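Enquirer: Encoded as structure tokens, here's the structure I'll be asking about.
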Amino acid sequence: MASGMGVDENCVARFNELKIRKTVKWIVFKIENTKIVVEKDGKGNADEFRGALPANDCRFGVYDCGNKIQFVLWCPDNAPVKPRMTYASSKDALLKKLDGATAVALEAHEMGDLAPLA
């Protein structure tokens, strides 16, 4: 839950999901206690990404932007101390696993984040 995360085979499923479609696979990967896994995957667009991302917990999603992979996550108001902390020192692993995932990512907790849903 801090540095040297656990890169699981799922960590790749995300990249292989947006790469195979290159259109929009909206893959939501959730990092567990010293491990990585995927929760969502199978096309859906912001429509599902905005109606799937739980507000009780934090979750990041990848989306082939053509050049880079801008993935943003919202901090849960139920207990951010968990994710806000883990995802903090864990972002490295993910940022490393991804392909071309620049620092354009965003991390903010607000209802307006899923309001426009793109």
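Convention: chains lettered A, B, ... in structure tokens order; per-chain residue numbering from 1; ligands numbered from 1 as shown.
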Per DSSP on the backbone, filter chain A down to the residues in strand (DSSP E or B) and report them as a PyMOL selection string.
Expert: chain A and resi 27-32+35-40+60-62+64+69+73+107
Enquirer: Would you tabulate, counting only C-alpha atoms, all residues of stretch 29-61 of chain A that have an atom at most 10 Å from an atom of stretch 2-5 of chain A, showing the closest pair of atoms and their distance in Å to one decimal, sorted by chain then ascending number, as a Markdown table?
Expert:
```
| residue | atom | partner | partner_atom | distance |
| --- | --- | --- | --- | --- |
| A:31 | CA | A:5 | CA | 8.5 |
| A:32 | CA | A:5 | CA | 9.1 |
| A:33 | CA | A:5 | CA | 8.5 |
| A:34 | CA | A:5 | CA | 5.2 |
| A:35 | CA | A:5 | CA | 6.0 |
| A:36 | CA | A:5 | CA | 7.7 |
```
Enquirer: Please produce a file of those selected residues containing C-alpha atoms, as a CSV table (one decimal), in the first residue's frame.
Expert:
```csv
chain,number,residue,atom,x,y,z
A,31,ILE,CA,-5.3,-1.4,-6.5
A,32,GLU,CA,-5.7,-3.7,-3.5
A,33,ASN,CA,-3.5,-4.2,-0.4
A,34,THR,CA,-0.2,-4.8,-2.2
A,35,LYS,CA,-1.7,-5.9,-5.5
A,36,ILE,CA,-3.5,-4.7,-8.7
```
Enquirer: Using only C-alpha atoms, what does the table of stretch 6-60 of chain A residues within 9 Å of stretch 96-99 of chain A look like, with each row giving the shortest atom pair and its distance in Å to one decimal, sorted by chain and ascending number, as a Markdown table?
Expert:
```
| residue | atom | partner | partner_atom | distance |
| --- | --- | --- | --- | --- |
| A:7 | CA | A:97 | CA | 7.7 |
| A:11 | CA | A:97 | CA | 6.8 |
| A:12 | CA | A:97 | CA | 7.3 |
| A:14 | CA | A:98 | CA | 8.3 |
| A:15 | CA | A:98 | CA | 6.4 |
```
Enquirer: Would you export the selected residues with N, CA and C atoms as a PDB file, in the first residue's frame, please?
Expert:
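Once written, result-v7.pdb looks like this:
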```
ATOM      1  N   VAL A   7       2.158  -5.557  -9.190  1.00  0.00           N
ATOM      2  CA  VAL A   7       1.677  -5.546 -10.566  1.00  0.00           C
ATOM      3  C   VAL A   7       1.135  -6.912 -10.969  1.00  0.00           C
ATOM      4  N   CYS A  11      -3.244  -5.600 -14.364  1.00  0.00           N
ATOM      5  CA  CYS A  11      -2.672  -4.294 -14.671  1.00  0.00           C
ATOM      6  C   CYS A  11      -2.472  -4.128 -16.174  1.00  0.00           C
ATOM      7  N   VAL A  12      -2.293  -5.247 -16.869  1.00  0.00           N
ATOM      8  CA  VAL A  12      -2.089  -5.226 -18.312  1.00  0.00           C
ATOM      9  C   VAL A  12      -3.421  -5.251 -19.055  1.00  0.00           C
ATOM     10  N   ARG A  14      -5.935  -3.737 -18.658  1.00  0.00           N
ATOM     11  CA  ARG A  14      -6.402  -2.375 -18.889  1.00  0.00           C
ATOM     12  C   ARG A  14      -5.821  -1.812 -20.183  1.00  0.00           C
ATOM     13  N   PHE A  15      -4.499  -1.861 -20.301  1.00  0.00           N
ATOM     14  CA  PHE A  15      -3.819  -1.355 -21.488  1.00  0.00           C
ATOM     15  C   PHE A  15      -4.208  -2.161 -22.724  1.00  0.00           C
TER      16      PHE A  15
END
```
Enquirer: Could you work out how far atom CA of residue A:42 lies from atom CA of residue A:76, giving the answer in Å with one decimal?
Expert: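 About the pair atom CA of residue A:76 and atom CA of residue A:42: they are 24.3 Å apart.
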Enquirer: Taking only C-alpha atoms into account, name the residue in A:44, A:80, A:6, A:116 that is nearest to residue A:27.
Expert: A:44
Enquirer: Contacts of residue A:75 at 10 Å or less, counting only C-alpha atoms, minus same-chain residues fewer than 5 places along, as number ranges by chain?
Expert: A: 54-59, 80-84, 87, 107-110
Enquirer: If you keep N, CA, C and O atoms, can you produce a file of those selected residues as a PDB file, in the first residue's frame?
Expert:
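Saved result, again-v3.pdb, follows:
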```pdb
ATOM      1  N   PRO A  54     -17.529   4.213  -7.842  1.00  0.00           N
ATOM      2  CA  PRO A  54     -18.126   4.355  -6.511  1.00  0.00           C
ATOM      3  C   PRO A  54     -17.584   5.565  -5.758  1.00  0.00           C
ATOM      4  O   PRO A  54     -16.384   5.836  -5.783  1.00  0.00           O
ATOM      5  N   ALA A  55     -18.476   6.288  -5.090  1.00  0.00           N
ATOM      6  CA  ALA A  55     -18.086   7.468  -4.328  1.00  0.00           C
ATOM      7  C   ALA A  55     -17.565   7.082  -2.948  1.00  0.00           C
ATOM      8  O   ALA A  55     -16.904   7.876  -2.280  1.00  0.00           O
ATOM      9  N   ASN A  56     -17.869   5.859  -2.526  1.00  0.00           N
ATOM     10  CA  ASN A  56     -17.432   5.369  -1.224  1.00  0.00           C
ATOM     11  C   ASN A  56     -15.947   5.021  -1.244  1.00  0.00           C
ATOM     12  O   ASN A  56     -15.277   5.052  -0.212  1.00  0.00           O
ATOM     13  N   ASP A  57     -15.439   4.690  -2.426  1.00  0.00           N
ATOM     14  CA  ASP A  57     -14.033   4.337  -2.581  1.00  0.00           C
ATOM     15  C   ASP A  57     -13.426   5.045  -3.789  1.00  0.00           C
ATOM     16  O   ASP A  57     -14.126   5.727  -4.538  1.00  0.00           O
ATOM     17  N   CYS A  58     -12.120   4.879  -3.970  1.00  0.00           N
ATOM     18  CA  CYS A  58     -11.418   5.504  -5.085  1.00  0.00           C
ATOM     19  C   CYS A  58     -11.081   4.477  -6.161  1.00  0.00           C
ATOM     20  O   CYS A  58     -10.840   3.308  -5.862  1.00  0.00           O
ATOM     21  N   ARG A  59     -11.067   4.922  -7.414  1.00  0.00           N
ATOM     22  CA  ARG A  59     -10.763   4.040  -8.534  1.00  0.00           C
ATOM     23  C   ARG A  59     -10.262   4.838  -9.734  1.00  0.00           C
ATOM     24  O   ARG A  59     -10.749   5.935 -10.009  1.00  0.00           O
ATOM     25  N   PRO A  80     -11.058   8.365   2.668  1.00  0.00           N
ATOM     26  CA  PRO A  80      -9.969   8.639   1.726  1.00  0.00           C
ATOM     27  C   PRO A  80      -8.602   8.283   2.300  1.00  0.00           C
ATOM     28  O   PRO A  80      -7.665   7.986   1.560  1.00  0.00           O
ATOM     29  N   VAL A  81      -8.496   8.315   3.625  1.00  0.00           N
ATOM     30  CA  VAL A  81      -7.243   7.994   4.298  1.00  0.00           C
ATOM     31  C   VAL A  81      -6.658   6.686   3.778  1.00  0.00           C
ATOM     32  O   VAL A  81      -5.448   6.467   3.836  1.00  0.00           O
ATOM     33  N   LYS A  82      -7.526   5.818   3.269  1.00  0.00           N
ATOM     34  CA  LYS A  82      -7.097   4.530   2.735  1.00  0.00           C
ATOM     35  C   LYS A  82      -6.524   4.687   1.331  1.00  0.00           C
ATOM     36  O   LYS A  82      -5.340   4.455   1.087  1.00  0.00           O
ATOM     37  N   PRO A  83      -7.382   5.092   0.382  1.00  0.00           N
ATOM     38  CA  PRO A  83      -6.983   5.290  -1.014  1.00  0.00           C
ATOM     39  C   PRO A  83      -6.068   6.497  -1.190  1.00  0.00           C
ATOM     40  O   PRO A  83      -4.984   6.388  -1.763  1.00  0.00           O
ATOM     41  N   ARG A  84      -6.511   7.647  -0.692  1.00  0.00           N
ATOM     42  CA  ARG A  84      -5.731   8.875  -0.795  1.00  0.00           C
ATOM     43  C   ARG A  84      -4.279   8.633  -0.391  1.00  0.00           C
ATOM     44  O   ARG A  84      -3.367   9.288  -0.894  1.00  0.00           O
ATOM     45  N   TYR A  87      -3.119   4.937  -2.961  1.00  0.00           N
ATOM     46  CA  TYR A  87      -3.027   5.389  -4.344  1.00  0.00           C
ATOM     47  C   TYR A  87      -1.915   6.420  -4.508  1.00  0.00           C
ATOM     48  O   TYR A  87      -1.342   6.565  -5.588  1.00  0.00           O
ATOM     49  N   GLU A 107      -6.616  14.155  -9.829  1.00  0.00           N
ATOM     50  CA  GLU A 107      -7.130  13.520  -8.622  1.00  0.00           C
ATOM     51  C   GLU A 107      -7.906  14.519  -7.769  1.00  0.00           C
ATOM     52  O   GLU A 107      -7.321  15.271  -6.990  1.00  0.00           O
ATOM     53  N   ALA A 108      -9.226  14.521  -7.922  1.00  0.00           N
ATOM     54  CA  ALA A 108     -10.083  15.426  -7.166  1.00  0.00           C
ATOM     55  C   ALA A 108     -11.392  14.747  -6.779  1.00  0.00           C
ATOM     56  O   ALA A 108     -11.943  13.955  -7.545  1.00  0.00           O
ATOM     57  N   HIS A 109     -11.886  15.062  -5.585  1.00  0.00           N
ATOM     58  CA  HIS A 109     -13.132  14.482  -5.097  1.00  0.00           C
ATOM     59  C   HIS A 109     -14.272  15.492  -5.180  1.00  0.00           C
ATOM     60  O   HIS A 109     -14.363  16.407  -4.362  1.00  0.00           O
ATOM     61  N   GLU A 110     -15.136  15.321  -6.175  1.00  0.00           N
ATOM     62  CA  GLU A 110     -16.268  16.221  -6.365  1.00  0.00           C
ATOM     63  C   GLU A 110     -17.344  15.566  -7.228  1.00  0.00           C
ATOM     64  O   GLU A 110     -17.046  14.740  -8.090  1.00  0.00           O
TER      65      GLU A 110
END
```
Enquirer: Please report, as a ChimeraX atom specification, each residue of stretch 6-116 of chain A to which DSSP assigns alpha helix (DSSP H) when run on this structure's backbone.
Expert: /A:10-21,45-52,83-97
Enquirer: Would you write out those residues with N, CA, C and O atoms, as a CSV table (one decimal), in the first residue's frame?
Expert:
```csv
chain,number,residue,atom,x,y,z
A,10,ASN,N,-3.7,-8.3,-14.3
A,10,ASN,CA,-4.8,-7.4,-14.6
A,10,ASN,C,-4.3,-6.1,-15.0
A,10,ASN,O,-4.9,-5.4,-15.9
A,11,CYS,N,-3.2,-5.6,-14.4
A,11,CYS,CA,-2.7,-4.3,-14.7
A,11,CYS,C,-2.5,-4.1,-16.2
A,11,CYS,O,-2.5,-3.0,-16.7
A,12,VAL,N,-2.3,-5.2,-16.9
A,12,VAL,CA,-2.1,-5.2,-18.3
A,12,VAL,C,-3.4,-5.3,-19.1
A,12,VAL,O,-3.6,-4.6,-20.1
A,13,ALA,N,-4.4,-6.0,-18.5
A,13,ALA,CA,-5.7,-6.1,-19.1
A,13,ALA,C,-6.3,-4.7,-19.5
A,13,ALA,O,-7.0,-4.6,-20.5
A,14,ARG,N,-5.9,-3.7,-18.7
A,14,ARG,CA,-6.4,-2.4,-18.9
A,14,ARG,C,-5.8,-1.8,-20.2
A,14,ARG,O,-6.6,-1.3,-21.1
A,15,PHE,N,-4.5,-1.9,-20.3
A,15,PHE,CA,-3.8,-1.4,-21.5
A,15,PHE,C,-4.2,-2.2,-22.7
A,15,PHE,O,-4.4,-1.6,-23.8
A,16,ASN,N,-4.3,-3.5,-22.5
A,16,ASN,CA,-4.7,-4.4,-23.7
A,16,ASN,C,-6.2,-4.2,-24.0
A,16,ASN,O,-6.6,-4.7,-25.0
A,17,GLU,N,-6.9,-3.5,-23.1
A,17,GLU,CA,-8.4,-3.3,-23.4
A,17,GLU,C,-8.6,-2.0,-24.2
A,17,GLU,O,-9.4,-2.0,-25.1
A,18,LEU,N,-7.8,-1.0,-23.9
A,18,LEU,CA,-7.9,0.3,-24.6
A,18,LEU,C,-7.1,0.2,-25.9
A,18,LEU,O,-7.3,1.1,-26.8
A,19,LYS,N,-6.2,-0.7,-26.0
A,19,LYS,CA,-5.3,-0.8,-27.1
A,19,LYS,C,-6.0,-1.7,-28.2
A,19,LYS,O,-5.8,-1.4,-29.4
A,20,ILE,N,-6.7,-2.7,-27.8
A,20,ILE,CA,-7.4,-3.5,-28.8
A,20,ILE,C,-8.6,-2.8,-29.5
A,20,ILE,O,-8.8,-3.0,-30.7
A,21,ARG,N,-9.2,-1.9,-28.7
A,21,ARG,CA,-10.3,-1.1,-29.3
A,21,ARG,C,-9.8,0.3,-29.8
A,21,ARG,O,-10.2,0.8,-30.8
A,45,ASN,N,-17.7,3.9,-22.3
A,45,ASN,CA,-17.6,5.3,-22.4
A,45,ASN,C,-17.8,6.0,-21.0
A,45,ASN,O,-18.1,5.3,-20.0
A,46,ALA,N,-17.7,7.3,-20.9
A,46,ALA,CA,-17.9,8.0,-19.7
A,46,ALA,C,-19.3,7.7,-19.1
A,46,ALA,O,-19.5,7.9,-17.9
A,47,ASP,N,-20.2,7.3,-20.0
A,47,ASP,CA,-21.5,7.0,-19.5
A,47,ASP,C,-21.5,6.0,-18.4
A,47,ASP,O,-22.2,6.2,-17.4
A,48,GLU,N,-20.8,4.9,-18.6
A,48,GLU,CA,-20.7,3.9,-17.5
A,48,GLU,C,-19.6,4.2,-16.5
A,48,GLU,O,-19.8,3.9,-15.3
A,49,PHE,N,-18.6,4.9,-16.9
A,49,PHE,CA,-17.5,5.3,-16.1
A,49,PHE,C,-18.0,6.3,-15.0
A,49,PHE,O,-17.5,6.4,-13.9
A,50,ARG,N,-19.0,7.1,-15.4
A,50,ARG,CA,-19.6,8.1,-14.5
A,50,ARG,C,-20.6,7.5,-13.6
A,50,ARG,O,-21.0,8.0,-12.6
A,51,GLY,N,-21.2,6.3,-14.1
A,51,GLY,CA,-22.2,5.6,-13.3
A,51,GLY,C,-21.7,4.4,-12.7
A,51,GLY,O,-22.5,3.6,-12.1
A,52,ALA,N,-20.4,4.1,-12.7
A,52,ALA,CA,-19.8,3.0,-12.1
A,52,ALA,C,-18.9,3.3,-10.9
A,52,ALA,O,-18.9,2.7,-9.9
A,83,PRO,N,-7.4,5.1,0.4
A,83,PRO,CA,-7.0,5.3,-1.0
A,83,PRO,C,-6.1,6.5,-1.2
A,83,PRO,O,-5.0,6.4,-1.8
A,84,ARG,N,-6.5,7.6,-0.7
A,84,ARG,CA,-5.7,8.9,-0.8
A,84,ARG,C,-4.3,8.6,-0.4
A,84,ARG,O,-3.4,9.3,-0.9
A,85,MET,N,-4.1,7.7,0.5
A,85,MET,CA,-2.7,7.4,1.0
A,85,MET,C,-2.1,6.3,0.1
A,85,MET,O,-1.0,6.5,-0.4
A,86,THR,N,-2.8,5.2,0.0
A,86,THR,CA,-2.3,4.1,-0.9
A,86,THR,C,-2.1,4.5,-2.3
A,86,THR,O,-0.9,4.5,-2.8
A,87,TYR,N,-3.1,4.9,-3.0
A,87,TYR,CA,-3.0,5.4,-4.3
A,87,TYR,C,-1.9,6.4,-4.5
A,87,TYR,O,-1.3,6.6,-5.6
A,88,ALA,N,-1.6,7.1,-3.4
A,88,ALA,CA,-0.6,8.1,-3.4
A,88,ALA,C,0.8,7.5,-3.8
A,88,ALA,O,1.4,7.9,-4.7
A,89,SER,N,1.2,6.6,-2.9
A,89,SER,CA,2.5,5.9,-3.1
A,89,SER,C,2.4,4.7,-4.0
A,89,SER,O,3.3,4.0,-4.2
A,90,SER,N,1.2,4.5,-4.5
A,90,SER,CA,0.9,3.4,-5.4
A,90,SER,C,0.8,3.9,-6.9
A,90,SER,O,1.1,3.1,-7.8
A,91,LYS,N,0.5,5.2,-7.1
A,91,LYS,CA,0.3,5.7,-8.4
A,91,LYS,C,1.5,5.4,-9.3
A,91,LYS,O,1.4,5.2,-10.5
A,92,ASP,N,2.7,5.3,-8.6
A,92,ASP,CA,3.9,5.0,-9.3
A,92,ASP,C,3.8,3.7,-10.2
A,92,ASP,O,3.9,3.7,-11.4
A,93,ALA,N,3.5,2.6,-9.5
A,93,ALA,CA,3.3,1.3,-10.2
A,93,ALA,C,2.4,1.5,-11.4
A,93,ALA,O,2.8,1.1,-12.5
A,94,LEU,N,1.2,1.9,-11.2
A,94,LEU,CA,0.2,2.1,-12.3
A,94,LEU,C,0.8,3.0,-13.3
A,94,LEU,O,0.9,2.6,-14.5
A,95,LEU,N,1.3,4.2,-13.0
A,95,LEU,CA,1.9,5.1,-13.9
A,95,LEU,C,3.0,4.5,-14.7
A,95,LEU,O,3.3,4.8,-15.8
A,96,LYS,N,3.6,3.5,-14.1
A,96,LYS,CA,4.7,2.7,-14.7
A,96,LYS,C,4.2,1.6,-15.6
A,96,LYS,O,4.7,1.4,-16.7
A,97,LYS,N,3.1,1.0,-15.2
A,97,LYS,CA,2.5,-0.1,-16.0
A,97,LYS,C,1.9,0.5,-17.3
A,97,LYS,O,2.1,-0.1,-18.3
```
Enquirer: From the set A:37, A:111, A:9, A:104, which residue has the shortest atom-to-atom contact distance to residue A:77, counting only C-alpha atoms?
Expert: A:111
Enquirer: What is the distance between atom CA of residue A:67 and atom CA of residue A:112, in Å to one decimal?
Expert: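 Between atom CA of residue A:67 and atom CA of residue A:112 the gap is 25.9 Å.
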Enquirer: Report, in Å with one decimal, the straight-line distance from atom CA of residue A:118 to atom CA of residue A:28.
Expert: 16.2 Å
Enquirer: May I ask which of the residues A:79, A:72, A:65, A:115 is the closest one to residue A:100, counting only C-alpha atoms?
Expert: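 Selected residue with least distance to residue A:100: A:65.
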